[PDB]
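Student: For reference, the structure I am asking about is given below.
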Amino acid sequence: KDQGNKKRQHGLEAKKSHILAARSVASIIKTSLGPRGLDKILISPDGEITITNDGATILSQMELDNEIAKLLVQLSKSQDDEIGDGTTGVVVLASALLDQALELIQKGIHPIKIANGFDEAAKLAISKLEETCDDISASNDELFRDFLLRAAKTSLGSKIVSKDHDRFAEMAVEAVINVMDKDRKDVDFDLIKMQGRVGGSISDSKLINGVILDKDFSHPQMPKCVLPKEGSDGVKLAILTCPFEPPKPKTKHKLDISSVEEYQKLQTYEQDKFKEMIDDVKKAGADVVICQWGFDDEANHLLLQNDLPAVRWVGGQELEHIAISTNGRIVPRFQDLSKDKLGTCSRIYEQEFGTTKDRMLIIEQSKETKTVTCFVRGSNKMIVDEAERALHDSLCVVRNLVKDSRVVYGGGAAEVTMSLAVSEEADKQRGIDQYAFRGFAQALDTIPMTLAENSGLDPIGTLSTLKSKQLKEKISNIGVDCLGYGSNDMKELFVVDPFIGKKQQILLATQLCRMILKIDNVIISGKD
Amino acid sequence: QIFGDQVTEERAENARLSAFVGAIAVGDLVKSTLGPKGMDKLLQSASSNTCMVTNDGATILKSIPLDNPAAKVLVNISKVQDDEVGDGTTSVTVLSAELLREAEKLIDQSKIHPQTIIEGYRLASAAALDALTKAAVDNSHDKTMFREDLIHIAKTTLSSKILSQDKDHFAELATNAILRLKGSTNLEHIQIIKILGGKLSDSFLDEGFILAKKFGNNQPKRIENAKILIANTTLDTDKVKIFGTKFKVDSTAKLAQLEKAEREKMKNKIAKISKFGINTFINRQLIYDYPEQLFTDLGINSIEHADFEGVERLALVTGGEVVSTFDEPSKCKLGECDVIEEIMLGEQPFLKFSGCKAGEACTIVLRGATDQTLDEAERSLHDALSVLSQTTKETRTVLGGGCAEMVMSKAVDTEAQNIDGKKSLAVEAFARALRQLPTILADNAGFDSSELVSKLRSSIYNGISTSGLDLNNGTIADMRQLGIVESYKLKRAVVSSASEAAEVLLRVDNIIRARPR
Amino acid sequence: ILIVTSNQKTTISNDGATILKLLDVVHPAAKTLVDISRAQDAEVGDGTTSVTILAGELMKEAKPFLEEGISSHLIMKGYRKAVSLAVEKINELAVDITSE
Amino acid sequence: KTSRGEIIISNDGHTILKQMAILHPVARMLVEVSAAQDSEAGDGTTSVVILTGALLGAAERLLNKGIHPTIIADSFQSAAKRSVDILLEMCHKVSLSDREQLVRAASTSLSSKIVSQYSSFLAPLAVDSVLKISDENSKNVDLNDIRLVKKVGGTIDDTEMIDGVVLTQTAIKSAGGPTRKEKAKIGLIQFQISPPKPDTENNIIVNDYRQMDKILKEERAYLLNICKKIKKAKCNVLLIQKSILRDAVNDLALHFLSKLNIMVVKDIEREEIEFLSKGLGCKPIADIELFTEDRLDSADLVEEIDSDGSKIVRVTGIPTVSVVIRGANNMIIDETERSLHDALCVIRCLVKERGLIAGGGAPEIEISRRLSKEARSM
Amino acid sequence: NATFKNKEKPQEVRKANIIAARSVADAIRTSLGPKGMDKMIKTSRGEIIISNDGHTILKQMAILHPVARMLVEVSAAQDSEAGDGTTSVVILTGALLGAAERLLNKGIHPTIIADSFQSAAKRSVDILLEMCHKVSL
Amino acid sequence: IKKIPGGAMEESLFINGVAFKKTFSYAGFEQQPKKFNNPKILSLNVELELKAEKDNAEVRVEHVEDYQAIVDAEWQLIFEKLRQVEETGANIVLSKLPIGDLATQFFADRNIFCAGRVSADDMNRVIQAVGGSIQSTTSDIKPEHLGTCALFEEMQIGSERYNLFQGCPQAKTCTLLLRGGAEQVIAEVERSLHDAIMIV
Amino acid sequence: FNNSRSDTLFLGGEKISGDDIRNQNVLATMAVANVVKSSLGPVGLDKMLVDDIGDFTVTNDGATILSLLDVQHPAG
Ligand SMILES: Nc1ncnc2c1ncn2[C@@H]1O[C@H](COP(=O)(O)OP(=O)(O)O)[C@@H](O)[C@H]1O
Ligand SMILES: Nc1ncnc2c1ncn2[C@@H]1O[C@H](COP(=O)(O)OP(=O)(O)O)[C@@H](O)[C@H]1O
Ligand SMILES: Nc1ncnc2c1ncn2[C@@H]1O[C@H](COP(=O)(O)OP(=O)(O)O)[C@@H](O)[C@H]1O
Ligand code: BEF
Ligand code: BEF
Ligand code: BEF
Ligand code: BEF
Ligand code: BEF
Ligand SMILES: [Mg+2]
Ligand SMILES: [Mg+2]
Ligand SMILES: [Mg+2]
C-alpha cells in the first residue's frame, strides 16, 4: 500500500548512512565535552534563543529529520532523565562505537554478531570499573560533605557557571542534603524550587531557606517586613485555602428574597461576616495571612487595620511550599484556624528589585527547612536559563552520590580503565569476538582523546601516556591534564564522576548500538 | 545528512563570525547615542506614524528587530542594565561589544583559544571591577553634602539627552522629587504628566501633587484645609459577594419596595462615611449619580475614579490610608492638605492639591513643543529619577567623564604585568576595550579622540586618577572638580553586565536556527 | 526492520505481526498474509514471523503446477492432505512431560 | 477629502495639517508644533509652521558652512528666548476694560476666514462670550463653557448668541406633545420614570387568576405618583439624562406626563449635566425622593422652534454663553465654528496674557532688525 | 594548556571528500576477482554496456562529485601503464583514503600522512620487485 | 506492563505486587508518608471532592440562615464520607475518580496517603495485589473489603514518581516496569516479552 | 516495497544493485518471453498488433512479434 513516496534501505548503503549520520551528530557536540568545552546557540522556530553546554538540551533543540539522529536525540535524553549528567558524552561514545562497528563490517563481520561482541566486552568494563571504584558515605561525615562537593564542582567545569563554580557547587551540595534522608536516599526535586530571575551577575545567585513567590502584599499600607512578633517562637502565619469573601454554595443558588425582611438580614449578613473571618485568624493568633484565593475590598482593609499582612492568590505548589517550609497545616474553612496549625516561619519581607516594578517577596527560615529555593540571577536571560540548567546538572550528581556513594575518577581515566581491561580480554578472545572487544575498547579511547583535542593536547599522545601510566603502576585513575596544573591523577586534582552514572552511560550507548545494528531493513514514507 | 527543511548550521569560523558581527553591529548602532555631545535616532513601528526620537540606548535596541542571536543577547543585556539601575543602557552595550571586537582580534589573527581569552578577561574584570570599589568615595553620612553629590549625578546623567540644555533645571527637579520620597526605590510614586506648549524649561515639580479628574457634579471648585477620606469601595449596586440573591415577589409593589430598598443601602453606606467628618471623599472606584448627589448636598466633595496607583499617590501626599470598611470611623488614618483647588494646564482641568503632609508622592509636569520632545524628555528624565532612586539605596559614587573606566584601565593594564603568557593578552585587551569608551565619548564630540584619550590615559596613568574629558574645550580637566559624579552601582554594573555578555558569547562554537514557522 | 509509517511514528521490531501490520498492504491476495500473521499472535503468541514465510512458500511451490497447466482444485486437494498428515505428525512428536 | 470620505474646508493650519495625511516622520513633526500652537495661543497655527519652515532652512544654510547642528540648535534657543523678550519689551499691553481693543483683535484675527465679511457681529461675539466667563484674574479661561451648537441650513449670518442657553435634543412626539411652556420650572432628573428597576436579579412571579391585574394596575400607579410628585413640586419642564442602562421615560409614563402638561426632553448626555446645571441654574436630581421644588429653576420660556425642518431648543430668560451657528454646506457650519474658536482663543490669550503687539508682519520684522544689530556685537 | 587555536575549520571538507570519494570504490568492490560480477550501464545516449573492466565502468558510470571523479582518472592511468588492474587500483585508494580517514581522526597533519604515504608506497613497490619471480619471453 | 523513559534495556523492575503511574495531581501532597510496610489499602471506586466532581441539583431558599445553613451542610456532607474512609483505618486511599485539594489535604494531615483518578485497568490489578475489593460508597465499608501489601513506596524511577505496592505474597496480578534508552527499544521489549509470556 | 535513496556516491542517474536489479532482469526477460509463449506449437495461435493509427498485422513469427512490440529495457 501507498507504494510511491516510500523508500527502502539495506546494508550496502543503509548501514553507512546510519553510521555516518550518528558520527555527524557527534562531530557537532564533541566540541562541548570537557571543561574547555563550548556551548551552542540553538534557536526555536518561534525565535527563542538558548545557549547551553548541556548535551540533552542541545540535541533536543536540533529540529532534525534523520531517523538515526532522532535516536541519539533520545539517547542523550534518556541518560539526562536517569542521571542528569551523561548527555554530552553518552552520544560521543555511542557514535565512536558505531564507526568502529561499521569498520569491522566491511571486513566480513555480521552486524548482529558484532552486537553480541560489544554487549559482552561492555559488561566486562562495567565490572572492571565496579571493582576499581571508591566509596564515600562509608568513610566519614565531614569528608562525605567534601567529596559530595568535589563532584558537584567537577560536574560544573564545563559550564558558563564555571566562573563562580565555588558557590554554585556548595549550593547544589546543600540543596540536596536538605530534602533527602540518608536512609531513603531519595531526592524529590519538588522539594527544591529552581526559580531564577534577572539582575546582578550569576554571583548574586543565593540559596533561599524557604520560598519566593510574587506578591505586592495584599494592601499597600501593609508593612514590608515581618518581625517574630516580640519574644515569640519566630513568626506564625495563616495557611488557608478559603476565600476572604462571603461563603457561597456549591450546587445552586437562587436565594429567593420575598421582602425587605430577608434583604435586611443579608445586608448585615455580609457586613459582619467579614469580621467573622478577620476575627477567626486573629484568634488562631497569627502574624500574616497566606490565602490561596483573593479577598474582597472590605475583607482586605480589615486585614490592614488588624495588622494582618496578606497574600492574595497563591498557587498550589506555592501554598504547599509555604507549608512544608514553615511547618504548618493547610486549613480548609475559616473556623478551622488554631495557633497549632499556623506556620512557624522565621521572617517575611517584600523584596525590592532594581527598579523593576514587579518586586516579588520572600519567606526565610534560618534553619535548613525541608524546602530549598535556588534563586538564580544573571546579567541576561540566557546566562540565567543556562546557569539554572547548569545548577540542575550538579544537583543531580549530588543525588546520585547518595543513591550510590560509589565514585570513579573521570578526566577520561575512568574510560581508560575499561579500554585497558577490555582490550586485555581481547587477546584471550581471538577469532571474531577479538575484533569486537578491540573495537569496544577502541571507541572508548575517543572519550579521553576528545578531551585532549579540546584542551589542546595531541590525542595519540595523551592516550599512550594515560594508558602506560595507568598500567605501569595500577589500573587506577590517571586522567588528562584538561586544564594544566602539575600532572595527571584525577585524585589529587579532585576530578570525580559518580559511578552509578558512568555505568548507565557506558551501557546506554552499547545498547543503542545493539539496536541500530540489528536494523538491516528500512522503509520510510512521506507526509501525504 | 540530519536536520532539515531550512535549519541552518554555523560551525566554528562561521558561528564565531555571526556572533562577533552581530554584537559589533549592535554596538555600532548606539555609539552615537552616548557622550554629552551625542545624537538621537528616529524610529518607526508597525503603525508607521508611530515615530520617536531618542538617545536612550536600551530604547533603540529594544525596538530594532534582529535575527542574529549575538545581537539579541546584547539587546537583552541592555534591558537588564536598564532595570537594575535605569541607566548606562548605552555605555554597557558598547563596552560589551568592544570587548568582543577586541577578542576576535586575539583569535582570528593571534591564534588564542577563546577559553583562554575568557581566562584573561575574567581576571581583568576582577581587577577592573575592583579598582572601582577601591576608588569609589561616598557621602552616605552628611545628608547636606550627599544632596550636592546626588544632584551632580542627575546634572551629568542628563547631558546627552534634550534636557542637557536646561539640565541644571531638571537636575534639581529629579533630586528634589526623589528626596521627597526618600525611601521607596519604586519610582511609580512620582507621576509624570505631559502637555504640549512652551519650552521644556517650563516643566516643574508641583510639590503639592497635581491630579487629573475633576470632582463632583458641580461641587466647590476649591476645598479649604481639606480633611480627605481616601477610599476604595464598591459604589454602584452592592451585595458585595452574596451573588445568587434573586428577588421573587408576587406583585410589582413588592418590587417597588425592594427597589427603594436597594437605593436605601446607598444612603446607608454613604452615611457611615459622612460620620468620618471630611470635606473631601476620594474613591478609587466610581460613584454613580445618586451616591454622588448625597455628597453634593452634604458639602463633602466627590472625586471618583483614581484607580489603584491614583489613590496610593494621594495616600502618600495627604497621609491617609486606603480603606474600604467604614464599619467604624477613626482607626482609619484620614488624609489632609491646605487646598484642593482646580487649575488649568493648557486647555485642561486638573486638581492642584497644596501643602500636604510631607508628600512622599509627587507630580512632575513636562512641557515640550512637540509630542516627540515630550515622550523623549519623558524617559530622558526617567534616566535621572532611576539612578538617584538607586543611589539613595547605594550612597557610593565615582567620577565619570572617562575617568572611571580609565582608572579601571590602568588597573587591568597593571595586573596584566603579573600573568601567564596568552591570558595576559586578553587582560590587556580588556583595559583596551574599556579605554574605547572615553574614546567613543570624545569621538562624538568631535575631537581627535585618539589624541585626547591618550592624553587622559596619560594622566590617569601617571597618578591623578581624577582627570576626565571636558568635552567642550576638548581638554582633559578634573572631574571631581567639575561635578561629574556617577553612581557606583551604575559603572560597576556596566563593567559587570558586559563581561558576562562576552563570556557567554566567546564560548559559542555553533549556531543553529530551526525551521521558522 | 525499521518502518516509519506515513503516520510519522517510527518503529523497530521483529514481531512479524507488528511488521506486517505497519506495511499497510492493500492487495486482496497478499493481504491475507497479514491476517494469518495476526491470528498466529493470538491463538499462540509466537511464530508470527514464520506463519507467513511458509504460507507464502507454499503458494510459491504451487506455481510450477498452475503454470504447467494443472487444475487448482487438484493442487488444493494435494496440499489439503499434506497438512492433515503433517499436523498429526507434530501431535505424534509433541513430547509431553512433567518431571520427565 | 478624508480617508473616510468626509469633505472639509479651512484656513486653520493645525486642522489642514492634521487632516492632510503627511507621511514623512520629521514632517509629521510640524503638525505637532502647530498642534501646540493651538493648545497655548489657539491662533497662529499656520504661522508657527511657516516659521519652522525657514528656521529649518536657516540650518540648511548653516549646516553647509560646517557649523555643528548642536551649536545651531543650542544657539537657536537663545536667539529665540531673546526674540520673545523683544516682543514683550515692544508689547502695547491692554486691559479687559478696553472693549474697543479686544474686538479689534478678534476682528483682525478672523479677517482671513470664510466668515470674514461677517466679522462685524462675530468679532465682539467672541470678546463678550469670553469675558462672560473670564472674570479678570482667571489666567487660562476654559472655553468649554462657550457651548456652540451648529445646525445645518440658512447661511452664515443666521447665527445668534441666544440670551439663555441652547439645548440639543428633540422633545415629545409620543403621548401629548407639550414642546413649549412659558415661565416654567425645569428639573434635571438623573432618575428614570420606568417600571420597577431592581438592580439585583428581580422577577415578578404570577400564580393566580385575579393576580393578573394585581401586578399590572399596581405599577400603573408607580409611574403615576412619580409623575404627580413632579407636578406637585411645581416642575413644568422635565429633563431626563439618557439612561442606556434600563429605560428613561416609559411610553406609559408619557401619557401621564402628557396630561400633566409637562414638556419632557430626554437623552441629556452625561457631559452636559455639569454645564446644564449652570446655564439652566437647575439642579441634578439623583432620585425622585430628592426631587424638590428648590432643585429647579426660574425659566421664563422654553420652546422647540422649528427653524425650518431643523428644530432647535431654547431656554430664554433665567457663567455660560450658548451660540448657534448656521451655514449652507456642512463644510461651512463646521468651518465657521473653528473660525470662531480662533477668535475666542485670541481673547483667551489676553485673559491669561495681557498685551498685544502690532501684527501684520511688523513685529516679525522688528525682532529681525533687532537681532540683526545685536549680531554684529557677537 | 593555552596555545594556537586554528580559528578555521574546513576540516570537514577533507572527511567529506574522502567519504564522497570512497563511496566510488564501493560500487566497484563487487567486481574484483573470479567472483567479480559485471555492471550494466545505459549511457546518456541510450547505448547499453556490460563489463568487469573497472576503468570502463567508472568511465561510463556518471560519477558526479569532483574528488570522486578523481578515482576514474587513477583507474584511467592504471589502464595507460599496466592495462590491467583498473578495478584494483581504485579499491586501493578506497581504503588508502580510509587510512587517512582514520589517521586524520587522531590529529595527524594530512601533509605528514600524504608525504609518509608516498614513502610507504615507493617502499612497497620495491618489496614487490624483491619478491618478483622474473620470466623471459 | 509499564514503560519508563530511560535506563538500561535491563534495568527493568519486576514488581511483586502492583505498580502504577502517579495520577496524584493535587495540592497538599508531599505530606502523607510516601512509604508503608503493611498499609491498609482501600480500593475505593468513586469521588471524594467537595462540590462533587459531577452531578447536581437545585437548592432554593428564602431564608438568609438557610443559605449559610446549606453551606455548613455541604461541608459536613463531604467530611463525613471523608472520615468514613478514615474510619476504615487505612494508610493508602486510592480511587478511580478524583480526590480534591481539600480531600487529599485531610489525609495528609493525619498521615494517610492517597491518589485520585487511578487508571481503570489499574485498580483491577491493585485489587488482585493487596486483595482488596472495590467499593462505590463510603457507608457499608466492611474490612474484608480493604487490602494490604508487604511494602509501599513512591519511587523516582527514570525521573518520574511511581507509586508501587511491592511485595504481596497473596497476589494474582503483578506489574512490571520496562526501561530503555529510546521509546523504540522499550517498545520492542514490551513486544519481545509479550511473545515470550504468551508462549510460557 | 520499492527501492530508493542515494546518500553517498553522487551519480548522474539510477543504479540498482544485487537482488533488486537481478530480479528486475529476470522479470524483464520473463515478460517479453511470455507474450510469445502462446504462439508456440501447432496448437499455438497468432495475434493482432495494432499501432497508433489503428492499422496492424497478425503474425506468429515470434521474432516479428517481439520486434513489433515496443520493448524498452536492456534484458528485454
Ligand atoms: N575538570 C576536569 N578535568 C578533567 N576532566 C574533566 C574535568 N571536568 C569534566 N571532565 C571530563 O569531562 C566529562 C564531562 O563532560 P561535559 O562536557 O561536562 O559533558 P557531560 O558532563 O554532560 O557529559 C567528565 O565526566 C570528565 O570525563
Ligand atoms: N558632562 C560630561 N562631560 C564628560 N562626560 C560626561 C559628561 N556627562 C556625562 N558624561 C559621560 O557620558 C557617558 C554616558 O553617556 P549616555 O549617553 O548618558 O549613555 P548611558 O546610556 O550609558 O547613560 C558616561 O561615560 C559619562 O561619563
Ligand atoms: N585464480 C584466482 N584465484 C584468486 N584470485 C585470482 C584468481 N585469478 C585472478 N585473481 C584475482 O582477481 C583479481 C581482480 O581481477 P579483476 O576483477 O579482473 O580486476 P583487475 O584484474 O582489473 O584488478 C586480481 O587482483 C587477482 O588477484
Ligand atoms: F555537559 Be554535561 F551535560 F554536563
Ligand atoms: F543612553 Be543612556 F541611557 F544615557
Ligand atoms: F517474531 Be516472533 F513473534 F518471535
Ligand atoms: F490659520 Be490660523 F491658525 F488662524
Ligand atoms: F577489471 Be580489471 F581491469 F581487469
Ligand atoms: Mg557534566
Ligand atoms: Mg544616561
Ligand atoms: Mg488666524
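The way I read the labels, and the way they are meant: chains A, B, ... in the order of the C-alpha cells, residue 1 as the first residue of every chain, and ligand 1 as the first ligand shown, with later ones counted on from there.
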With the cut-off set at 7 Å and counting only C-alpha atoms and all ligand atoms, tabulate each residue of chain C with an atom at most that distance from an atom of ligand 6, showing the nearest atom pair and its distance in Å to one decimal, ordered by chain and increasing number, as JSON lines.

Tutor:
{"residue": "C:14", "atom": "CA", "partner": "ligand 6", "partner_atom_place_in_ligand_line": "1 (F)", "distance": 4.8}
{"residue": "C:15", "atom": "CA", "partner": "ligand 6", "partner_atom_place_in_ligand_line": "1 (F)", "distance": 3.7}
{"residue": "C:16", "atom": "CA", "partner": "ligand 6", "partner_atom_place_in_ligand_line": "1 (F)", "distance": 5.1}
{"residue": "C:45", "atom": "CA", "partner": "ligand 6", "partner_atom_place_in_ligand_line": "3 (F)", "distance": 6.7}
{"residue": "C:46", "atom": "CA", "partner": "ligand 6", "partner_atom_place_in_ligand_line": "3 (F)", "distance": 4.1}
{"residue": "C:47", "atom": "CA", "partner": "ligand 6", "partner_atom_place_in_ligand_line": "2 (Be)", "distance": 4.8}
{"residue": "C:48", "atom": "CA", "partner": "ligand 6", "partner_atom_place_in_ligand_line": "3 (F)", "distance": 4.8}
{"residue": "C:49", "atom": "CA", "partner": "ligand 6", "partner_atom_place_in_ligand_line": "1 (F)", "distance": 4.9}

Student: Okay, now the selection with N, CA, C and O atoms, as a PDB file, in the first residue's frame?

Tutor:
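Result written to again24.pdb:
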ATOM      1  N   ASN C  14      10.494  -7.070  15.494  1.00  0.00           N
ATOM      2  CA  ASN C  14      10.662  -8.361  14.868  1.00  0.00           C
ATOM      3  C   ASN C  14       9.335  -9.133  14.855  1.00  0.00           C
ATOM      4  O   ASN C  14       9.203 -10.063  14.053  1.00  0.00           O
ATOM      5  N   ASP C  15       8.376  -8.763  15.730  1.00  0.00           N
ATOM      6  CA  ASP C  15       7.051  -9.443  15.806  1.00  0.00           C
ATOM      7  C   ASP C  15       6.523  -9.296  14.374  1.00  0.00           C
ATOM      8  O   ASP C  15       5.996  -8.263  14.000  1.00  0.00           O
ATOM      9  N   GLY C  16       6.718 -10.342  13.573  1.00  0.00           N
ATOM     10  CA  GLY C  16       6.299 -10.343  12.181  1.00  0.00           C
ATOM     11  C   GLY C  16       4.919  -9.775  11.993  1.00  0.00           C
ATOM     12  O   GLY C  16       4.602  -9.220  10.945  1.00  0.00           O
ATOM     13  N   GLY C  45       0.835 -16.717  19.973  1.00  0.00           N
ATOM     14  CA  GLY C  45       1.514 -15.559  20.520  1.00  0.00           C
ATOM     15  C   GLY C  45       2.897 -15.441  19.919  1.00  0.00           C
ATOM     16  O   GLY C  45       3.505 -14.361  19.915  1.00  0.00           O
ATOM     17  N   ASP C  46       3.396 -16.559  19.402  1.00  0.00           N
ATOM     18  CA  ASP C  46       4.712 -16.575  18.791  1.00  0.00           C
ATOM     19  C   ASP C  46       4.677 -17.322  17.462  1.00  0.00           C
ATOM     20  O   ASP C  46       3.691 -17.995  17.141  1.00  0.00           O
ATOM     21  N   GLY C  47       5.753 -17.179  16.689  1.00  0.00           N
ATOM     22  CA  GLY C  47       5.855 -17.839  15.397  1.00  0.00           C
ATOM     23  C   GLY C  47       5.300 -17.000  14.272  1.00  0.00           C
ATOM     24  O   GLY C  47       5.408 -17.342  13.097  1.00  0.00           O
ATOM     25  N   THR C  48       4.704 -15.885  14.657  1.00  0.00           N
ATOM     26  CA  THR C  48       4.103 -14.960  13.730  1.00  0.00           C
ATOM     27  C   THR C  48       4.949 -14.713  12.501  1.00  0.00           C
ATOM     28  O   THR C  48       4.426 -14.642  11.390  1.00  0.00           O
ATOM     29  N   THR C  49       6.257 -14.586  12.700  1.00  0.00           N
ATOM     30  CA  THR C  49       7.169 -14.337  11.586  1.00  0.00           C
ATOM     31  C   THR C  49       7.063 -15.464  10.567  1.00  0.00           C
ATOM     32  O   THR C  49       6.915 -15.226   9.366  1.00  0.00           O
TER      33      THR C  49
END

Student: Counting only C-alpha atoms and all ligand atoms, name the residues that have an atom within 7 Å of an atom of ligand 4; the answer should be given as a ChimeraX atom specification.

Tutor: /A:32-33,53-56,85-88,155-156,158,393

Student: Next, dump the selected residues to file, keeping only N, CA, C and O atoms, as a short mmCIF file (atom, residue, chain, number, x, y, z; two decimals), in the first residue's frame.

Tutor:
data_model
loop_
_atom_site.label_atom_id
_atom_site.label_comp_id
_atom_site.auth_asym_id
_atom_site.auth_seq_id
_atom_site.Cartn_x
_atom_site.Cartn_y
_atom_site.Cartn_z
N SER A 32 32.03 20.06 22.86
CA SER A 32 31.34 20.50 24.08
C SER A 32 31.54 19.54 25.24
O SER A 32 30.88 19.63 26.29
N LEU A 33 32.45 18.61 25.04
CA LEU A 33 32.74 17.63 26.05
C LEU A 33 34.03 18.02 26.71
O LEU A 33 35.09 17.79 26.15
N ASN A 53 25.85 24.23 27.16
CA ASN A 53 26.78 23.09 27.04
C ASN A 53 26.09 21.76 27.37
O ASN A 53 26.73 20.69 27.32
N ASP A 54 24.81 21.82 27.70
CA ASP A 54 24.13 20.58 28.04
C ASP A 54 23.78 19.72 26.83
O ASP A 54 23.09 20.15 25.91
N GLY A 55 24.31 18.50 26.86
CA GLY A 55 24.11 17.53 25.81
C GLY A 55 22.67 17.35 25.40
O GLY A 55 22.30 17.75 24.29
N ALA A 56 21.89 16.74 26.28
CA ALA A 56 20.48 16.51 26.01
C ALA A 56 19.82 17.74 25.41
O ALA A 56 19.30 17.69 24.30
N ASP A 85 23.71 13.97 34.17
CA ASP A 85 24.99 14.50 33.72
C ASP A 85 25.61 13.89 32.47
O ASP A 85 26.39 14.57 31.81
N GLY A 86 25.28 12.63 32.16
CA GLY A 86 25.86 11.98 30.98
C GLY A 86 25.82 12.76 29.65
O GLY A 86 26.86 13.10 29.06
N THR A 87 24.59 12.98 29.18
CA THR A 87 24.25 13.72 27.97
C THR A 87 25.31 13.95 26.92
O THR A 87 25.41 13.18 25.98
N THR A 88 26.07 15.03 27.10
CA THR A 88 27.11 15.41 26.16
C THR A 88 27.97 14.20 25.77
O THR A 88 28.23 13.97 24.59
N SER A 155 31.51 18.59 38.09
CA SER A 155 30.32 18.49 37.26
C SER A 155 29.91 19.81 36.65
O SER A 155 29.06 19.84 35.77
N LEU A 156 30.51 20.90 37.12
CA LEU A 156 30.18 22.23 36.62
C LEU A 156 31.25 22.91 35.74
O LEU A 156 30.96 23.90 35.05
N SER A 158 32.39 22.50 32.94
CA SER A 158 32.12 22.61 31.53
C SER A 158 30.90 23.50 31.32
O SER A 158 30.12 23.26 30.41
N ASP A 393 22.32 20.31 36.70
CA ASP A 393 23.29 19.25 36.43
C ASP A 393 23.99 18.83 37.72
O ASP A 393 23.94 17.66 38.09
#

Student: Any idea which chain E residues end up within 6 Å of chain G if we count only C-alpha atoms, as an MDAnalysis selection string please?

Tutor: chainID E and resid 20 23:24 62:64

Student: Selection from above, N, CA and C atoms, as a PDB file, in the first residue's frame, can you write it?

Tutor:
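Okay, result.pdb is ready:
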ATOM      1  N   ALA E  20      32.720  10.992   0.216  1.00  0.00           N
ATOM      2  CA  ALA E  20      32.003  11.095  -1.042  1.00  0.00           C
ATOM      3  C   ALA E  20      32.834  10.449  -2.137  1.00  0.00           C
ATOM      4  N   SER E  23      32.925   6.243  -1.487  1.00  0.00           N
ATOM      5  CA  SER E  23      31.670   5.660  -1.950  1.00  0.00           C
ATOM      6  C   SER E  23      31.786   5.150  -3.401  1.00  0.00           C
ATOM      7  N   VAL E  24      32.764   5.681  -4.139  1.00  0.00           N
ATOM      8  CA  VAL E  24      33.017   5.280  -5.525  1.00  0.00           C
ATOM      9  C   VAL E  24      33.636   3.889  -5.542  1.00  0.00           C
ATOM     10  N   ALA E  62      28.893   7.857 -14.645  1.00  0.00           N
ATOM     11  CA  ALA E  62      28.322   9.175 -14.363  1.00  0.00           C
ATOM     12  C   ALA E  62      28.636   9.672 -12.975  1.00  0.00           C
ATOM     13  N   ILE E  63      29.860   9.444 -12.511  1.00  0.00           N
ATOM     14  CA  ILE E  63      30.266   9.918 -11.192  1.00  0.00           C
ATOM     15  C   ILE E  63      30.202  11.438 -11.165  1.00  0.00           C
ATOM     16  N   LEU E  64      29.601  11.969 -10.108  1.00  0.00           N
ATOM     17  CA  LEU E  64      29.405  13.400 -10.006  1.00  0.00           C
ATOM     18  C   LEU E  64      30.339  14.182  -9.116  1.00  0.00           C
TER      19      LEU E  64
END

Student: Taking only C-alpha atoms and all ligand atoms into account, which residues have an atom no farther than 10 Å from ligand 8? I'd like them as a list in words.

Tutor: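 What falls inside 10 Å of ligand 8 is residues 28, 31, 32, 33, 36, 38, 51, 52, 53, 54, 55, 56, 57, 75, 76, 78, 79, 82, 83, 84, 85, 86, 87, 88, 89 and 90 of chain E.
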
Student: What does the distance between CA of residue 232 in chain A and CA of residue 214 in chain A come to in Å, to one decimal place?

Tutor: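 According to the coordinates, CA of residue 232 in chain A and CA of residue 214 in chain A are separated by 26.8 Å.
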
Student: Would you mind listing the residues within 6 Å of ligand 11, counting only C-alpha atoms and all ligand atoms, as a PyMOL selection string?

Tutor: chain D and resi 43-44+109-110

Student: Which of range 137-373 of chain D end up as strand (DSSP E) when DSSP is run on this backbone - answer as number ranges by chain?

Tutor: D: 147-150, 165-166, 186-189, 202-204, 237-240, 263-265, 284-285, 301-305, 312-316, 322-325

Student: At a cut-off of 8 Å, using only C-alpha atoms, what residues contact range 17-21 of chain A? Leave out same-chain residues fewer than 5 positions from it and give the result as number ranges by chain.

Tutor: A: 66, 68-69, 95, 98-99, 102; B: 1-2; G: 7-8

Student: Please provide as an MDAnalysis selection string all residues within 10 Å of range 35-44 of chain C, with the sequence filter that same-chain residues fewer than 6 positions apart are discarded (counting only C-alpha atoms).

Tutor: (chainID C and resid 15:21 50:53 55) or (chainID F and resid 194:195 198:199)
